[PDB]
Every structure is written in C-alpha cells, then in structure tokens.
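Next comes just one chain, in structure tokens: the form deposited in one PDB entry.
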C-alpha cells in the first residue's frame, strides 16, 4: 500500500525537520523518496515543523490527570447535562496556570498537558500552508457546489421544514453561500448505529466508486498526508497503530463486509485515522465527542473565507484563535470544545477513531502520549 508508505515517510521527515530545529543542526533531506517527489508537501511539512516547535515551548498544566477525569465521565457524557458539567468543572478546574479573570484569546501555538504530562490539547495556528489550503478549498468547494450532491439535496430536501445536534438546522449559516452547508462523513470501514456485533463495512458515502465521496478523497491526499504527519509528531504510537490497523484491514478479507470495496477505499486513504467528517458552514456548540475511544486524539482542520474564528475550551478557561489553516489536536472525548458562528464561510475537517477496528485487527489502542516523547 504505497499511500501508507508515503504518509510514513512524511511523518519521519517531519520528525527530522523538528529535531533539526531543536538542535540547531539543520536537517538535510537527501533521499529520492515521496517527499522529494512532492515539493508542495515537503514545504508544508517545513511550515508544520515551525509551528509544532513553538507549541512544544508553551505548555500549560492542569492539576489533574486525564485518567481520573475519564474515570469520572460517563460513557456518553457530551456536555448537555448542566448539573454533571458543574460537577466536572468543580472537581477538575483549570488550575492556577490557567484560571484568570478575563483571559485574552490565545494566538501563540501551545499545548495543555495533565499532571502526569499527557498531551490533552495541542494548538497549531497557521499550520497548513496556503498552497494546501487552496487544494482543500477546491476539494470542499467541488463537494459543496455539486448540483445534485448530498449537500445540495439534503439542503433542499430539508428546506421544506423552514435531537441530532450535528445537523441541527439552526447551526448552519443562513442566506447565500458559495458552499452549501451540510455534513458528510467518510470511513473505509465502520459500523451502523447500534449494530457493532457484526463485521464493519464501508461508509455508504464511499461505496459508489465514482460518487462524490470517493472523488473528494481523490482531491485531498496531500492534505491528509500532512495531517497524518502532524499526528505522528504528537502521538507517534497512535499514528503507527492506526497505520498498522489499516494494513491489517487491507490484508485480511475476513475482517470486513464487502472487503473488495474496503480495499479500493483504503488504497486512496492517505491518513492514519478511522474516519473523516466534513462539516460545511456550521457552528459547533460546546460538546464532547463520545463515539470514539477516550484515549483517541482527534484532529480538527478549519478553512474558508472568514476572519474571526474562535475555538472555546471552557475546562481550560481558554479561547483560541481559530482562523483558516489552524490545526487543533485534542482528546475530544475529554475536552469540551466549541466553535461559534463566524462572519464568513467556513468548513472543518474532523479526523477521529473507531476503537473496535483496533480490536478486530489485533492492535492495542495506545494510551495518550506524554510531551517528553517529542524529545526521544
């Protein structure tokens, strides 16, 4: 699977770039590999290297462990129960480093670690190169302007109507938009709701070989490769495990339904993640994501033509500047996060996990990494 070898090389080269920034010995990339063959990607790796190098120098600590926090949470605790969330806010407060009457919105790259150094949240503003943002802009635009596509049809079909908060009508930007608002999710293999005691199969959005879902995957391999390499700098065990899981699902036809389609999708899946969701022109209320493993680190990428983006993390007493090209890695099942409506058009690519694909592939799901792992 050359796609996975490509993202492995991107991850390894990004690690060498970062190491070289930290030691003062500039890394000299010499191999005739996929990074030499994709200079746009190489340059974007350099830009990410500089942002990650800054984030590692700016670590706030909370006075509790992720372990205790996750023990207190119930399996589907997403933030909608105010009494429970008051219990969490009192039991697990921001601490002295973060509490502050009226703190300023953050702009420098940074991270939040727990009392035993596990990374909970990694903030990478201006991480994605303009060239790759243009590529993503075009891929999302193609998806969100398709005349009879999911977003347009789902728009019109429920514009006759003018619980499931992720597609709630009032969260979508109203009026004329270049990009029809909506949500589409993609996965090489996953389970139907309430149906996990069976083999996973391809997401319905990706099953047509020439439908728009597969075409969207085809437009973004350079971006997915960048995102995967960033993940590898933050939690290398999780990156390597995700890649191993995809290789196993590719190799063993007994693990999925419709394995031939799963294999053709994996061949264009340039990512370590289990799943990718595209959220177009939608505000995001404060929430936790409950369907993945709490040990899983999700990655958010935000884009578009807007200028006042803010990502809110109330448990950290922080607001973060969240403008196009910003990347946020976070334990989304622990960390409450939200993104208010913005004055312009926006999309988000959210990368996340399905733990039982790890079980099915015989690959342990690793516990969240510590910051010192960056310096080994």
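Residues that one form lacks are left out of the comparison. Under this definition, the rigid core comprises the largest set of C-alpha atoms superposing within 1.5 Å between the forms. Positions refer to the first chain, counted from 1.
If you look for the form deposited in another entry, you will not find it shown, but the lines that follow are about it.
2 Å-or-more CA mover between this form and the one not shown, where superposition uses the core and the choices are 219, 196, 267, 72: After core superposition, the single residue displaced by 2 Å or more is 196.
Yes/no, residue 32 Cα shift of 2 Å or more between this form and the one not shown with rigid core fixed: Comparing the forms between this form and the one not shown, which are aligned on their rigid core, residue 32 does shift its C-alpha by 2 Å or more.
CA-CA separation of residue 32 and residue 219, closer or farther in that other deposited form than in the form shown [shift of 3 angstroms or more]: Pair moves closer in that other deposited form.
Cα-Cα trend for residue 269 and residue 32, given that in that other deposited form the distance shifts by 3 Å or more: Here the pair is farther apart than in that other deposited form; there, closer.
Consecutive stretches, 3 or more residues long, displaced between this form and the one not shown (C-alpha shift of at least 2 Å once the core is aligned): Shifted runs of three or more residues, which all move 2 Å or more: 30-34, 192-198.
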